[PDB]
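Visitor: I'd like to ask you about the structure that follows.
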Amino acid sequence: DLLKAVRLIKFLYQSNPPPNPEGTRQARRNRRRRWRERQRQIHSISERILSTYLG
Amino acid sequence: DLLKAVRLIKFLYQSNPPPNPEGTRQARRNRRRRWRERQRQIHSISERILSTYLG
Amino acid sequence: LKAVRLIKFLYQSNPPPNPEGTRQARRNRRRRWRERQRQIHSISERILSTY
Amino acid sequence: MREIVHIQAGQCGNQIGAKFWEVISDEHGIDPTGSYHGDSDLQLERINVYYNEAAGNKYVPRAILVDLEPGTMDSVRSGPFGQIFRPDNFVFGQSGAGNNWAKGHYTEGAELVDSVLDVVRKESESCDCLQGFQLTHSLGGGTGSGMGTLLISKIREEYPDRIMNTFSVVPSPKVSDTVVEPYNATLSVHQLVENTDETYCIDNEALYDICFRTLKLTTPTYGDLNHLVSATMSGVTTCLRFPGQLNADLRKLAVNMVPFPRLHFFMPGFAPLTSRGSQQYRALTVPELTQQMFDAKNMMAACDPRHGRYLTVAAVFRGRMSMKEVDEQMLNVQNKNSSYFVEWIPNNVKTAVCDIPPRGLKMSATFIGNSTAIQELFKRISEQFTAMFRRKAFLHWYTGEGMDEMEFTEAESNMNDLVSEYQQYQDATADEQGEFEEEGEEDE
Amino acid sequence: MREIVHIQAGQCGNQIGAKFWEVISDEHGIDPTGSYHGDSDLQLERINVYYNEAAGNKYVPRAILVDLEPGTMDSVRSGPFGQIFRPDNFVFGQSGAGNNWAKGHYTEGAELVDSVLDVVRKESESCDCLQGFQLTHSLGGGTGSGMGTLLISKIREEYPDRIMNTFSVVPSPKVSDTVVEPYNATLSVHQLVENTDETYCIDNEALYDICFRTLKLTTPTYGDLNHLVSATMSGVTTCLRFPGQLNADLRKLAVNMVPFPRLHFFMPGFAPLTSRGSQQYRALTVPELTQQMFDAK
Amino acid sequence: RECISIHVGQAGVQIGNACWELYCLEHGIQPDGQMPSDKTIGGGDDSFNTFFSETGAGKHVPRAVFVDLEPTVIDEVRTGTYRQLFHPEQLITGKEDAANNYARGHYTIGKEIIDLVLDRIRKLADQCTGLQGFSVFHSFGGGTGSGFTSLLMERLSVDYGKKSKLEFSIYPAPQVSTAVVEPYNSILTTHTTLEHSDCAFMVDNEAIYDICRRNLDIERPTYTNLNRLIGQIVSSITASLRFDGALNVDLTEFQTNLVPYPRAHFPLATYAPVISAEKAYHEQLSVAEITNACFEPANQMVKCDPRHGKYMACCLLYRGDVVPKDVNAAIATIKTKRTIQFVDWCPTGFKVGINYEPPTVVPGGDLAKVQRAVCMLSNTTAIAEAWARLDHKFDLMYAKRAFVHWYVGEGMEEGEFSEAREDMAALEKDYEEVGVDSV
Amino acid sequence: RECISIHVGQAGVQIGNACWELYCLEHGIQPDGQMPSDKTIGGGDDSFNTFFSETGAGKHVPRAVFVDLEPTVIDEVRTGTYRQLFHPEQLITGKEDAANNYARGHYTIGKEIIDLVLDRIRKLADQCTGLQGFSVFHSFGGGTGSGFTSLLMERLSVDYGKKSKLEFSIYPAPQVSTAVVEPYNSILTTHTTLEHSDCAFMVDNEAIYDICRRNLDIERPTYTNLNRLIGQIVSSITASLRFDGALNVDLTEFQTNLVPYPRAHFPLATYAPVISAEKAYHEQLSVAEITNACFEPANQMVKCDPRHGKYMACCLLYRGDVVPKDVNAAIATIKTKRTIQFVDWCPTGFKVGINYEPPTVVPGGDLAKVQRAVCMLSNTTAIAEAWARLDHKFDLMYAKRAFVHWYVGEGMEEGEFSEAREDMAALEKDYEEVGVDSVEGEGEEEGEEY
């Protein structure tokens, strides 16, 4: 990290399309939810870079 | 291109603590449960980065 | 580099076959899709797990 | 063939040593007249363990009751069994007790304890076979604790490679109204961790608590509570007192009780709740004898079966009954709770049965067993030592003849390194399922 | 083989729990003395499900209960079976309740819930295995909603693979000491819908409505109210505590009843509406006394 | 003539110990160990009393496997009518069960117990070399059920080569059931354990309900009655191996006689000359009514119209016990004049099989002394509707995506449920494409 | 055949005095001092009258050196119920007791009497030329325990040469004893007593406890009833050299056909056609059920499944008293079927040994007029479960580290415990992995270990 920390930011910036739909209950509520799952992994590695800047 | 994404997934591997012999028998079960939960999410993200980048 | 080239080369080496016939081989074709994608992902995670 | 003899060190130690040797001699009967009192000659070597032969078939101890304030020795010594001794003992000087640890340990060496090493050199030489000697070490004040740890430090050089019986008495801060308790006791047990073999840390604090809050005793004097601790120590000493089917020497039991010889702190209890004070004469038969064996009431510590990881338990059943039902109930208590499941030395129990009664209640028992809820006792003493250490509190006369900050700093550091290792051994379940191989072998 | 814990909360949840175990020990009769009153000797497992082992055949609950108002629990400790509890439930202080949701949720409860989680952690392993959590939880008070919500949260990050049984009293416009309780409700089931497994919409003004109108009872008190709700939930959980041939297990109840796992608010009713007061004393046959099964009012 | 049976699920262990108790009572295998007919302790191995092994000094045990994660079932079995001679060293059970589902017992919590019972299977597989398949007892949702079988059939078909086996699938009954998601576990079991199988036949509890309440006039729907009836039926099935007669053919001969295709795989077990204390008293037994009462709809495990039910095979099993003379008389009195609606472009040769040396009837049950057996193991191509109704209910409940959340976080995906629907639709539409009569 | 008898430890001295007085009542040695049958003083000079010969004072005293540093066992063998029938002056007491600590005996507490026991064995080893080995009564940790047996075995293998070292290595029941540390000495047994020995046996205590509490129903679950039954098994094994005749199946071919290998060193015992004193009311004398209950766990000392333990050897032994033609008559009883799982490279037949002269019955115990016996003693791979149980106990104790600082500041070493673990692993893998049929080395292509 510390220069590759923004490389996962350009990874999320790169491969995030608009949520193009495919069927009901899908692709705008659960693919959106797996994108928010990616965001909560980002949140977890944010509280885990909280503790690598500690060291 | 994703040679830094596989380093990100190796950091998800690096988010693994030891299975804690200094760990209560109820508590490292919780470590194992949050492990399998997080690699369920990692497998979802893995088939995301497999299917989306192929187009 | 060569690893991700290998993985995407195997990804493009799994084409969707033509739909034709009286729906016998189509279930085997779906099984071939899901399985072969599973072990190409397995090879990917093994290769990036050593490194 | 075997001897363990008497010596004393402690302001609250002389009384309890005299009464403890009475209650181990109360059913044996060696008189000071000069003639033998044979009623059961199957305890010849058993009374020879504590009372050695120095005259014509007369078995006497080597009791050296040493006090720097000899008023208690002047008063309580004239008992029935309190005069049948070799009279060249009770070496005493009146330089003072003063409830001070530093001057008791430092300046009173050549005054009295040099004569104490000389007299135990002589009295351990003109006898048959030594295996150590007995002492009721008490932390009631400072001088007694200092002379006890002086004796321990000198007998680790007098007969170094020999297991020697060391005791301790946990004081009662409810009753001991001294303005500074935890200096001498904590630094003494600090020394005694790396200077001894075993500690039966019997107490006056929790026994005061249970006689005032459970037994409903309106008169909690030192007499009946000394009878309580004497019955408890009688149940402890039943291993060497009575000739059983094994006749187990305490030299073997000292190695038996240690899993690793650094840590030797556990205290007994008394499972059937003897009736000194509030009285009853009922015969404590088997199911009521064993029903009160796992209790959070009688055990003389901060009671917590939930905070219990016991290592070696043993209860001497001198009540005349078979051990099959006793072992079945032992298995029931062993498996009915998961706190005891630690699985080191998987046969960590003992059932020793004799036929010699202690008192007129013919069939009864006691509780001895490894103690793991002593961590809160060690913390309850150590953090109120550090409570009155941070502001250099109470250096009125603990500024000794030789004083350092390194001694106190290392004392509290090794206190920390024993409580932290104890809590690391109370945790880190490295035998039950805490390894990596219960869930397959490969989990990354 | 099968063990359920005893954690309670609140100032009304504690008293409805007192009535609960009173009326479910009414058919058991487990004495607090030690004379070993056996309800049915073939039901050692089905007394061990709730009353767990402490001595030889002395079976007591996993008795831990917490609130900051000790008068109610000191009152209910002098009940019929109010003294058969371990001396470990008394984990409390005297900080006061005051109908304050913040002090149970955020400020005061954060310094006391650690002892409750420590005692349930050190009491959970003292059996064969752990199967179920349960809780009589209320919203009429202030502290109870907050500390119950935080306890459900802490048991979510601490015991994920365990069910919890969450009784929940709904607010009432008909009986209410204070009226802020909409705020005590809108941020209580905000996260309870995604924190627990199964819940109960035992109401209070529909419950008082059926106590007053459709029964004609001259007792608008908490006494007969707790009698009725304790009898109803006793008839509910009799299935879970007595598995004859059916009445499937904990996750099995969550498997066959919960689609879209937020919609877990089942409504416990009861047919005959028997109450202390006006009583009907005929043998309740199946059809014309189970005709009160389908009526939604 | 040697085979070792495994049993999983609570109802699987129930039918297993009921049927093994019937076996030990009808061979004279006493709870004293030995059979008193000869002087061999424990049991025997001669030609057909061959359900044993020389474990001790001639000591023989009724070799079987009883497995369930819920631990009290083996305790209530072991305190039954056959108390102490079950094996004190292979009754392996868990601590906490999956509790009426599929995913947890299969993927997550059974993954550390599959290898233990696999090691037990290997230790019993180091024993005597007789092997003619298997006998697996399971249900769809009784105990663990599908969770063990869906993994262990794949493990058997990968680890143990290509060896034949046989399994017992207890088809459920919603009127006495205990779950709601039974379409999901049924469709999952049917795409998994049937494509990795060699022989199977499904027994319906609702069929037992129909033949009890609608054909025998008894008023007790309890699993003890089901256990006794399954014991009788599986005992009649196994009696070919268990007793030697005129056509004492092996179960390998049966499974190499029955199955035409990997997809066309299932029979219609036709045995309803229903009997109890009511329908066995002062009646007369003949070889006409018991054989004429086979093709009718109210005699079947799975419901089918007789004209709409097309028999690819019409295999038969007889308990005999009197003569083969009346059986070879009924081959013309009943079997020869059978111009019943059949399948096109397939042989129309009726098969019979008689096995002598009577298996003793159940003691202490309900039925009186009975003689004949009409266990006509036919097959029906129109059982595609018997799973198409479950697929229709699964369609009407699956578009709502009900109970999905319990089956998401345990490894699988929605593609698995789509594949299960695809597999059952493929099986059904293959039956209306070529199974049902075509051109 | 005049083998030196060593007895150390409390169990060794206890069963030594017990079994030698059983020989006294067997050979007729009356408390007068000499037999009334043969008038030669002390003992006879026959082929079987050879245990008792001239070493002491011309009186052919019983021959057993009794040494133990625990003084109370030497006192109760000196002051038991026989005072002159043993060696009149050759029993030397021990001065200080080990007191249930093994590690003191090998390094600290037993080193003063090693010269004395070397003098005793030089006295008793320059005797008559018949010496086929050593009748060692081994113990683990009761008195000195494995200490004196260990030092005797090591200096007897590096100083006396390559004589046979027949051991009775008792593996006692923890229920009846009091020590906990016993796995440590039982696993140091492999390092210090197993490699430098040449032949061994096994006696046990768990099965006798199991039958005395449940089956035989004797209310004596102590070392006394264990001594009473191990006296019978010691008399049974010594009856080969004690009953000479037409069928004297003695030790000579016995030591050949017991052990096949270096670390197949551990046999098994299955003697239990026992009839009790409460069964001593003229009950059934059976020659059929004693053949029919052989592989059942009643006769087995350790509860093991015969279904998994393959046998590379089998030594049958039926010692009766009725007819020498009953040897053939019992050959034609049950031996014809015997379909027992074997290693694919071992023989099948069963040896036969009988002692048709009737013995003299031990009084005052829990036994009837026993005349016939069954024992299927052999080396079995089914003791792998018992040694896995012992290794599980030692792994749990080494994770608990009980008495480690007791057992390291006297001469031991943690690397010495590692080498003892490797020796125990070698004894395991010669019964766990190599001991099973190793046919999977011929050839196949599946992906195995080529």
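All residue numbers given for chain G refer to Swiss-Prot; the residues shown span 2-451 in order.
Quick reminder: no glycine exception, Cβ is built from N, Cα and C everywhere.
For reference, Swiss-Prot lists these features for the protein:
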- G:10-12, G:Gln15, G:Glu71, G:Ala99, G:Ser140, G:143-146, G:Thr179, G:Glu183, G:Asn206, G:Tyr224, G:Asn228, G:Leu252: GTP binding site (BINDING)
- G:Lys40: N6-acetyllysine (MOD_RES)
- G:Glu71: Mg(2+) binding site (BINDING)
- G:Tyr282: 3'-nitrotyrosine (MOD_RES)
- G:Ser439: phosphoserine (MOD_RES)
- G:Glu443: 5-glutamyl polyglutamate (MOD_RES)
- G:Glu445: 5-glutamyl polyglutamate (MOD_RES)
- G:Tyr451: 3'-nitrotyrosine (MOD_RES)
- G:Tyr451: site 'Involved in polymerization' (SITE)
Visitor: Nearest by CA distance to the residue listed as 'Mg(2+) binding site': which of the recorded positions is it, out of G:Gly10, G:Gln15, G:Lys40, G:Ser140, G:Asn228?
Guide: G:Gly10
Visitor: Looking only at C-alpha atoms, tell me how far G:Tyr451 (3'-nitrotyrosine) is from G:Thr145 (GTP binding site), rounded to the nearest Å.
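Guide: Answer for this pair: 49 Å between alpha carbons.
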Visitor: Expressed to the nearest Å, what is the distance separating the residue listed as 'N6-acetyllysine' and G:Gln15 (GTP binding site) at their Cα atoms?
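Guide: Spelling it out, the Cα of the residue listed as 'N6-acetyllysine' and the Cα of G:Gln15 (GTP binding site) are 29 Å apart.
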Visitor: Reduced to three states, what secondary structure does DSSP give G:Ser140 (GTP binding site)?
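Guide: Looking at the DSSP assignment, G:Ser140 (GTP binding site) belongs to neither helix nor strand, so coil.
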Visitor: Given G:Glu445 (5-glutamyl polyglutamate) and G:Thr145 (GTP binding site), what distance in Å do their CA atoms have, once rounded to a whole number?
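Guide: Cα-Cα, rounded: 54 Å.
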Visitor: Which site among G:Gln15, G:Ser439 has the most other CB atoms no more than 10 Å from its CB, taking these as recorded positions?
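Guide: For the recorded positions G:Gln15, G:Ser439, the Cβ with the most other Cβ atoms within 10 Å is G:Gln15.
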Visitor: I want to check the contact list for G:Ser140 (GTP binding site): same chain, sequence separation of six or more, C-beta distance under 8 angstroms. What comes out?
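Guide: In sequence order, G:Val9, G:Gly10, G:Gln11, G:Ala12, G:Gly13, G:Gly146, G:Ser147, G:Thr150, G:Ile171 meet the Cβ cut-off.
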Visitor: DSSP secondary structure for G:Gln15 (GTP binding site), reduced to helix/strand/coil, please.
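Guide: SS state of G:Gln15 (GTP binding site) = helix.
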Visitor: Work through the binding-site residues one by one (G:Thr145, G:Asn228) and point out the residue whose CB has the fewest other CB atoms within 10 angstroms.
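Guide: Relative to the other binding-site residues in G:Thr145, G:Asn228, G:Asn228 has the fewest Cβ atoms within 10 Å.
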Visitor: Cβ-Cβ under 8 Å from G:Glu183 (GTP binding site), same chain, 6 or more residues apart: which ones?
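Guide: Expected: G:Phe141, G:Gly142, G:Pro173, G:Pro175.
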Visitor: Would you mind pulling the DSSP three-state label for G:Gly10 (GTP binding site)?
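Guide: The residue in question, G:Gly10 (GTP binding site), is helix (DSSP, three-state).
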Visitor: Going by C-alpha positions, which of the recorded positions (G:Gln15, G:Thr145, G:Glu443) is nearest G:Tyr282 (3'-nitrotyrosine)?
Guide: G:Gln15
Visitor: Write down the Cα-Cα distance for the residue listed as 'phosphoserine' and G:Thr145 (GTP binding site), rounded and given in Å.
Guide: 41
Visitor: Based on Cβ atoms within 10 Å, give me the single least packed residue among the recorded positions G:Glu71, G:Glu443, G:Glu445.
Guide: G:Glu443
Visitor: Other than its own, how many Cβ atoms are within 10 Å of the Cβ belonging to G:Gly10 (GTP binding site)?
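Guide: G:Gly10 (GTP binding site): 29 neighbouring Cβ atoms within 10 Å.
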